[PDB]
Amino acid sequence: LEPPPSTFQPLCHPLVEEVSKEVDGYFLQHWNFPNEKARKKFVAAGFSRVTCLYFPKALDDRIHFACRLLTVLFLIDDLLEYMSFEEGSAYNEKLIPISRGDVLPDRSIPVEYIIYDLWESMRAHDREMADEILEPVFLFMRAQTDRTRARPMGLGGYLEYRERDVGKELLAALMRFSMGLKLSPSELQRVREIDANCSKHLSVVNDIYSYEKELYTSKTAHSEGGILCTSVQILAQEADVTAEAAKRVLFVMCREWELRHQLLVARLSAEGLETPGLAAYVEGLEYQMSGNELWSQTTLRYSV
């Protein structure tokens, strides 16, 4: 698979190695891994590396929070593949009041106290910015087990849904939190079109590289939890071509979204609407897109 040229250059957080050891070490200590093979596969994925590629300009004392949140969501994402839609929904909904801090965790259940302690530590560091990540996370969690995954979709309908399932909103709120980048409601309304365009890029790039993994999962895991819901399959069905053909076409489309991003940002600046905060924000989104692609094309999570 040869990716067409891109002008987006990825950047990684300088503290990636020490934060990786810290976060991986925490989960290896607390998370209920079934066996040693799973523990090695967990480390091999590099969940803190993708986080550091996603938010390379996060504050040095906040990047670990982002690594912890994405890591635990990665782990849960894999667990849901062996559950039904109903079981996955019950699993996630249990964690939601716990994430809010409204409900105390069962200390004998790792996922509950990991989730609880995480959000408590994040609110302790920055209460206002931490709270603004909550609902975007819950929107993503509920999209994971939405029964729309088992119903016919076109490319457009998928991308609209996948924006929630890919967690575009939580990644944006997490990025702002990790950078301490505060934007007014008016400023955020200005970049909504830019956010929507960025979401499609993150979604499809993931779909492309994670297709083989998800193909295998669809055949081996739960028929609902592991259902093959991806742009690769959808375009392949609409055009009646192979998944490999669909990947090549989708990758060209991703470059068109990169072009649109630059066009939208350029217009924002020309209209005199790009505040210093917005300028940092849109650059952060580009890091997400380039960082997502670098990690996806190199991580062992997708190659083995």
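In this text, residue numbers run from 1 along the sequence as written. Only the largest set of C-alpha atoms that superpose within 1.5 Å between the two forms is called the rigid core.
Rigid core superposition in 5 other deposited structures of this protein puts the Cα atoms of one stretch, out of 119-127 and 227-235, farther from the shown form on average, and that stretch is 227-235.
Greater average departure of CA atoms from the shown form, over structures and residues in 5 other deposited structures of this protein after a core fit, characterises 210-218 among 210-218 and 192-200.
As recorded in the PDB entry, 175-183 is the stretch of 175-183 and 69-77 with the greater mean C-alpha temperature factor. In this entry, 103-111 shows the higher mean Cα temperature factor of the pair 103-111 and 210-218. The PDB entry gives the largest Cα B-factor of the residues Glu86, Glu93, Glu128, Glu169 to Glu128. Based on the entry's C-alpha B-factors, the most elevated value among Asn197, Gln189, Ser231, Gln144 belongs to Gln189. The PDB entry assigns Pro56 a C-alpha temperature factor belonging to the lowest third of its chain's modelled residues.
The PDB entry assigns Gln9 a C-alpha temperature factor belonging to the highest third of its chain's modelled residues. In this PDB entry, the Cα temperature factor of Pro136 sits in the middle third of its chain's modelled residues. Split the chain's modelled residues into thirds by C-alpha temperature factor. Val249 is in the lowest one. The PDB entry assigns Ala266 a C-alpha temperature factor belonging to the highest third of its chain's modelled residues.
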